[PDB]
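First up is the structure itself, then whatever we jot down about it.
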Amino acid sequence: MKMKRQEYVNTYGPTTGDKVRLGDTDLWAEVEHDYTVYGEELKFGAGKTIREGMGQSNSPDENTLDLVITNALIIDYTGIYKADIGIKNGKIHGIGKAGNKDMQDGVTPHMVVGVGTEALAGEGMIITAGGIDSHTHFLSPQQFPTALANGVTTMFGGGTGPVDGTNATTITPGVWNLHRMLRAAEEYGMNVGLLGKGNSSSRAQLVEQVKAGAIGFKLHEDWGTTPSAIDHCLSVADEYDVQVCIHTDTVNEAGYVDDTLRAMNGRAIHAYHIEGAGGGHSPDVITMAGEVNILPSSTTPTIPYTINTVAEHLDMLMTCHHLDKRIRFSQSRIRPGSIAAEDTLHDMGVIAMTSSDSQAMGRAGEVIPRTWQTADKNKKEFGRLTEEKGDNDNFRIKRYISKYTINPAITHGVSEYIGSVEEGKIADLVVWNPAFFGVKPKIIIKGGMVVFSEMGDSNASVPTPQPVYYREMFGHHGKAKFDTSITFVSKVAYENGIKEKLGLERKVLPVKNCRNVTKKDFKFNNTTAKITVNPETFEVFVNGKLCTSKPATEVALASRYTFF
Amino acid sequence: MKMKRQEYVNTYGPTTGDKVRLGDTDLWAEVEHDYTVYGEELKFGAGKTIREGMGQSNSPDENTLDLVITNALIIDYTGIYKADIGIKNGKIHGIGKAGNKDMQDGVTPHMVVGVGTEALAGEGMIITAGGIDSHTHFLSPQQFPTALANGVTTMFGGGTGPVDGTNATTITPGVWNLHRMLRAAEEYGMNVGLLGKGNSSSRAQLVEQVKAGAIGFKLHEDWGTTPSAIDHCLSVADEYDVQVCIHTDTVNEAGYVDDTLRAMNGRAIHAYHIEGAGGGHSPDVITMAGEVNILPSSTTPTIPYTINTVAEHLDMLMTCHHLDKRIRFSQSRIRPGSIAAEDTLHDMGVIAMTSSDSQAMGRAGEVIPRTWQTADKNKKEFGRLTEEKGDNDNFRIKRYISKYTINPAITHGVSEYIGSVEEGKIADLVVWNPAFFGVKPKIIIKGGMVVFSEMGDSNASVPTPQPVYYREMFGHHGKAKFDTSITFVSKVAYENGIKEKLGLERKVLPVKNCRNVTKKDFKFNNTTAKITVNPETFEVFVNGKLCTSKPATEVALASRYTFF
Amino acid sequence: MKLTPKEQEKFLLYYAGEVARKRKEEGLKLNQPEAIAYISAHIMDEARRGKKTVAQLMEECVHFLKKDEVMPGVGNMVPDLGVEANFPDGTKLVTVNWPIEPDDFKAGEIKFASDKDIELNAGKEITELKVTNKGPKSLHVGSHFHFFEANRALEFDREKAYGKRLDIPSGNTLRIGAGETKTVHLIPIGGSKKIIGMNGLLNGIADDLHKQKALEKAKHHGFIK
Amino acid sequence: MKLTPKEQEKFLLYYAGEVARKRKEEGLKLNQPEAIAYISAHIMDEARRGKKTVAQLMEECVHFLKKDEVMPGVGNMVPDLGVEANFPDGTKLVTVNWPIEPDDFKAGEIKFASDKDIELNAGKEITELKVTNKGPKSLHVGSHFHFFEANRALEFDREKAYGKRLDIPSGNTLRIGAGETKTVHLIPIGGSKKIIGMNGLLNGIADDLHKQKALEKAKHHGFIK
Ligand SMILES: [Fe+3]
Ligand SMILES: [Fe+3]
Ligand SMILES: [Fe+3]
Ligand SMILES: [Fe+3]
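Protein chains in written order, with the deposited numbering: chain C, 1 to 328, 333 to 568; chain C', 1 to 328, 333 to 568; chain A, 1 to 225; chain D, 1 to 225. A prime marks a further copy of an entry chain.
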């Protein structure tokens, strides 16, 4: 039978060739393929498809899904397509066409909808992987609800709490502090991984930390990021397959940027706030982004570049670092050049990740909105990418989504477990309404269970009445949180029973394959170039061509969605 | 650099668009795709690619392959393509481009060739999955080397040994006999699964057998295949998720074919020797093949149809069933019609599997040659399939390979473990030289180890000197055979610790998803039709059109390859 | 006071409404949360006054905020609003459809590939069948229900509906009112046609072999008269 | 509405601001939390109007509340204020230095024992040294960094800086601009002088015995030209 295009789209969501506007941005996602058979689409409800002996099987099957996300529009580095998503044992069991082969054509064999299957209507929704925030300062446990409310399911970084060390650096230093924090982690719904103090010119002190459970090390100038420290830290990381994150020597005390790069010696390293406002060698830290071994990320305050970015920083730097009021400027000439270039470098795929720097020169619940605001800003300034095929922004979308999903996962050695919408991976997914894409998520799924979601009046006759606000769900509570949350550790710690020894009830998984991840290993952000900074004008150059952008007067995914 | 096409093919094997003749048949396999990057192909040897810090990585990786099969031409239902195959932990770890990402472009991320990788040159070789023979009479342990020497790695059926019951039926009856055989199985390299006596009109006796380890039941007329037996057997099989195999009531004592079909009641059943010379309702058993619930197989003696097929049977039936010399004929008029139709039904995808009936009206080391002889015969008589796209027989090849690989695996509930060349499956593979494809294999890999291969003089300076004959390899010996071989059991037996209880050291895996496999579930052999037999002429009809074939005067993969 | 957790929620909603009111008075175009809170507070106010019915309020609140009183796209973002409030007769749910007047801007806008219709159940053979609901009550039949097993109140040639389902969009239902006669379009069931359950008239593959048994069970159970 | 936990916080801050406004209108002198909330709400209001820059607001809010508008000591208690608000270009941090005008009352005041200077690093022998930053970029050197191991861009008699650090307050740094020449005052490192790390030129006790080895490593690594 012939169904009107508008009626099909209302009932099942968009199909092949349809374009979806991402929020209030000028970014258009085109459905590349639809895995359904027209007339066999699954719909849940009274008199609908998913019913006993019809869409729901009566035939027992070893692949009976625990949950079915019907008619989802997947947005992932793997593609922008329409498919049913099947969850089983807290993992993505299958992606394709779910249902009952007894009564339906074209059913994906391992996507059986049966008696034990729960239904979630994804028709007209965008499904993406849970975001990974690789620059968390564990300052406040109140960051976690803020993060989840912005589609972030995993947080790497460090801290002890509201102390000067943490306030400045992502560092949980020493054995005792690492054990304490890993045990504190039990409370939360968020997946965690802790970094220890990499700022050491002695082996023993570094080794103790990896064995204590650290997923890596943070080298930060507050503890002195000297060439000796850089070499010693990377040497231990290489031995123990853990990642190193760096905040470089801003004041060029022990050397210039090239001296730091030399100390690294082509070894894998995660360069935080690569632009340099968040910290690092002045005025040339951005030059590191061109290097193959450097895995660079950006922090939220400098992305996107706005008319208030520079003004906000010339004071935000004074509250964080606690500077004298006698200090006025240098940052007023250095900063515009690198902040502007940074946005273009993101569009070029030179900067591979976006991070927060949460309550330590950056915002916790801003990674996702700010990534899409930058994507939108560039599209608006530079136009549609030349890389695009058709009337869509699919390539740009894939480049930007990778910044907060897959690329942080690759960097930290968790890409086999999380990071993307792929069969076999843990079911850490986010459901979005297209009108609110990138700004306000609907449902947060972690380990196949809903852990956090937008919810209305608790007394109310339906879940829709006002006030609708973000609340913790069943997957975030009781002993179910131990089933849905992961505490990542080093292989040494994992293999030596850290879980049992610390009495951790959460899922404990090791980080693996950190040492041999180069720029070539990333998804849609593999660009290497000769990045140079004029020491007089502070202008940034990519292979001799001025790299810049104009500041935004207004951004997407902001004013229309927020009260304050 | 520009390499001459002949030189490329000599060095690395065929690439995209090249056609390979399968043995001495008229079947042509076209390379659909090549997963390599020209200039980055892996070659093993002195001064070659796979060397320290070059093609072989010096960077540790969690995905370092245990074995690499370089430049293989995969022939599987999944496709006919060129790729490197990576084995790790006795499973197919990856398929694509293997090597070192440190020095090479386009390397599949989970296909790392490193210090711990062994090399196997597949350049110019055909790699297929190990065959599954679902009609084994466990008569003689000497069938196993014969089977392996013909590319068969898994054998389902039954027996006790050279006793009348086994001589006739694939049945290991009762608890004691099942336990004895499962313990005897420890000796071999072959994967096994045993069927018990399904011929019962009492529940208890059937249940005991599934709980004793049986992978299913064989209903055989020698123990009376009555409608009561058919119903009782299927009822228990449905309860316990096990397969039922059937040899129908030849003499139509309790009813005709339609009475048997009625007793089955649309339940999943494996119909052995569907043609009927091997046994079953005379003259209409072949009519069952049209039914959706019927999973039909053929036995080797009737495939392909030759000028000596009928003559051989009119006596081979008398030695097997031990008949009086007073009995001359009926089989002389009935048999030509069904034997001829059977070959065409295979080409049409109506008969989904090929089996042996080993030493009980069929040959152990003939499943594979006879399947390809039939494929060749039909191609020669009926020409290239209309289904084909391009100057190749890819569709026919895929239809025929599925008969002895994937389709028996689907039928018996082992498709998740074995049956095809797919990532995640157990590494049960066969290496073939194209000139000997389907007739004489080179190497037999089981669970990632070489278990059987063609080998020359044991004293000899190289492995090539004469006499070259089939011999057992390291994977078939010691405690390594327990690591490479599987004894399949029912879920009930598996879950109740049959392994520990019987002290089995072999890999014990349960058969699952047998009850809901219909014709629709098969690969390239899903054809359903209205099959009718004229009770006067014995001619076979498919939807009213005479289904037939001419007898072969000579077959491929025979006279050129064998001494006797 | 004995403030319940639901009362604590309503205070925040009401305060948000009061902030939104202030901003509108300042002449600012309201955003998505401001618009929702502004309308919610009005509903909460009228409910307390206990002079208007739920029916009255549902009607009164359509386009309560006009397109120029809100930011672009706000109306389309909020197609419906729901607010529970205490009335003299207890807590009742006030449901407003189109509380904010829409404009030309649409966030999350879907642009079709083509305006051409979608051919559902393509290539399946259609069977036209006359059905009459001889029963005293109206009934609906779903897209994937085995038509042959429908309520015995329905009068049709059941033999012709064996192994078939309605050629209607997946999830939709066809209504046959009490006494109503309709021409239905049936298509054969997908997959293996392994019909298990519903009225248990078949419980197996819908082949020719099972048909006589199925027709006899249908007659015996009163589906076939 | 989809209210985030951070939006729920801001409602409380804004309401506190509204209560403070009411109390100021009553003529009451605002206390510490009232004063902070009063200024915060103003910033939140101006940000929503989206007509002022962060730069404008930072300037506008200095002495937003005057000494007589607040209780004594309030200004001194709040030397700086920070409030994040959504602007048309997104959430930005408004940082105000001296938002409340101080009065001569000081809660938690520190009264010095003497006005006389504190002699830091007392009794240590001072070494005057001429240093030139021959590099293209300016650099700073900390109080406890081993001067001998400073950026190779710095040109000075390194032998004279062996086993020494800057005679500056602990935690302070000395700036040497690109091209700038300065006279630095060096004092010998405290404790055992066990210098481990930095540029690894020494990695041991800074004694006479280690000196030649250290000078050779410095020359080899390019610190000594
Ligand atoms: Fe930092
Ligand atoms: Fe930081
Ligand atoms: Fe038989
Ligand atoms: Fe047999």
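No residue lacks a Cβ here, since even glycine has one placed at the ideal position from N, Cα and C.
Sequence-distant residues of the same chain with beta carbon closer than 7 Å to residue i, five excluded per side
{"i": "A153(A)", "result": "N133, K134, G135 and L139"}
{"i": "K534(C')", "result": "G290 and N547"}
{"i": "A214(D)", "result": "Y162, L201 and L202"}
{"i": "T468(C)", "result": "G460"}
{"i": "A150(A)", "result": "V141"}
{"i": "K66(D)", "result": "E101"}
{"i": "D259(C)", "result": "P227"}
Proximity test, residue i beta-carbon vs ligand 6 heavy atom, cut-off 7 Å
{"i": "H220(C)", "result": "Of the ligands this structure carries, namely ligand 1, ligand 2, ligand 3 and ligand 4, none is ligand 6."}
Near ligand 1: residue i beta-carbon under 7 Å from a heavy atom
{"i": "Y272(C)", "result": "yes"}
Three-way DSSP call (helix, strand, coil) for residue i in this model
{"i": "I39(D)", "result": "helix"}
{"i": "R51(C')", "result": "coil"}
{"i": "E118(C')", "result": "strand"}
{"i": "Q56(C)", "result": "strand"}
{"i": "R175(D)", "result": "strand"}
{"i": "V544(C)", "result": "strand"}
{"i": "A344(C)", "result": "helix"}
{"i": "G27(D)", "result": "coil"}
{"i": "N63(C')", "result": "coil"}
{"i": "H144(A)", "result": "coil"}
{"i": "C320(C)", "result": "helix"}
{"i": "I307(C')", "result": "coil"}
Chain-order list of residues whose beta-carbon lies under 8 Å from that of residue i (same chain, five-residue window excluded)
{"i": "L139(C')", "result": "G159, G161, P162, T166, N167, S362, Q363 and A364"}
{"i": "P60(C')", "result": "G114"}
{"i": "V62(D)", "result": "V96, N97, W98 and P99"}
{"i": "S200(C')", "result": "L206, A229, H232 and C233"}
{"i": "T300(C')", "result": "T358, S359, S360, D361, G366, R367, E370, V371 and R374"}
{"i": "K483(C')", "result": "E509"}
Residue i beta carbon near ligand 4 (any heavy atom closer than 7 Å)
{"i": "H416(C')", "result": "no"}
Same chain only: Cβ atoms within 6 Å of residue i, ignoring 5 sequence neighbours per side
{"i": "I246(C')", "result": "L219, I269 and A271"}
{"i": "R519(C)", "result": "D238, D241 and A268"}
{"i": "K88(C)", "result": "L65 and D66"}
{"i": "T348(C')", "result": "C551 and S553"}
{"i": "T226(C')", "result": "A254"}
Any non-hydrogen atom of ligand 2 within 7 Å of residue i CB
{"i": "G158(C)", "result": "no"}
{"i": "residue 299(D)", "result": "Within the shown structure, residues of chain D are numbered from 1 to 225, placing residue 299(D) beyond reach of any answer."}
{"i": "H220(D)", "result": "no"}
{"i": "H137(C)", "result": "yes"}
Closer than 7 Å: residue i CB and nearest ligand 3 heavy atom
{"i": "residue 621(C')", "result": "Because chain C' here runs from 1 to 568, residue 621(C') falls outside it and cannot be looked at."}
{"i": "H313(C')", "result": "no"}
Bridge-paired residues (DSSP) for residue i
{"i": "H247(C')", "result": "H220(C')"}
{"i": "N133(D)", "result": "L154(D)"}
### Query
Going along the chain, which residues put their C-beta within less than 5 Å of some heavy atom in ligand 4?
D361(C') and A364(C')
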